[PDB]
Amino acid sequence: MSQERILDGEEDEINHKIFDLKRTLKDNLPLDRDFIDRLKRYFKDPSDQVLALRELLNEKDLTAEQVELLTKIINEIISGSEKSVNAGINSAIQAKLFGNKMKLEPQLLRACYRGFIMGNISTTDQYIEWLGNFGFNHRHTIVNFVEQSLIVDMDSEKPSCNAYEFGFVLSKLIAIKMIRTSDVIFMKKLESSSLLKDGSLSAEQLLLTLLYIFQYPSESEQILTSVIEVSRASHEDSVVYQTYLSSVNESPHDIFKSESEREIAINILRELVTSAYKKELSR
């Protein structure tokens, strides 16, 4: 129940730590001083620390009322860190589930969900972040992991957030799904345009390029410069611009700050298309 949600080390390695703390409590019956230092040394993560102490409370040898002298350690760790601790505990199983699927270290996922419900960066900055931390191939699965954890988090006896906060989280989640939606669309356009066949252009770099457009529509042209310096060797400008324009048109509207911001992006990309298609006549 508690040992399974510990994401620090191998199954035996974990067990080699719990019993020692049970040892310093049952047959030795010593005091609690450097005990905490050893606990923290064994487990660097507060969630894993609490889980270890909870397992200690599952032993048969109740030495009477030292339960309160042990639960004070549980509450001292939790107090003032209720959000982080609970976020780690509740999403542990999912971290192990998705970790095996994606071939990623579970505790990395715990940090992911932890940071998501505790941070306050924009929707686009989040997508970008997850991209850089977990890679191109995991970008759609990572959002699924966060969703699954949120569901479990909510159904937990001691959730990480309150009713109000979970609403905001969801709202952020939906914003992310919209980005994933445009991402999926953008990728389909790249395939049909045959911009990935050459092998010179990176779909990750192109994805980020689209993401920058969302944040700074006024600087669209400047942003696309990086792509042009590579696409010119094989493809024609109008083709790259069309991919971005048609993608933006078919993507959800609320990805942009506002209606006017979106039109700034569209008009600029519209002008870019015309200009390139014109220069293609003098060739």
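Note that residue numbering begins at 1 and tracks the sequence as displayed.
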Residue range whose averaged C-alpha B-factor is higher in the record, 107-115 or 73-81: 73-81
Between the two ranges 27-35 and 234-242, the one averaging a larger CA B factor in the entry: 27-35
Selection by C-alpha B-factor (highest) of 48, 250, 221, 65: 65
Residue 197 by Cα B-factor - lowest, middle or highest third of the modelled chain: highest
Chain thirds of CA B-factor: placement of residue 256: middle
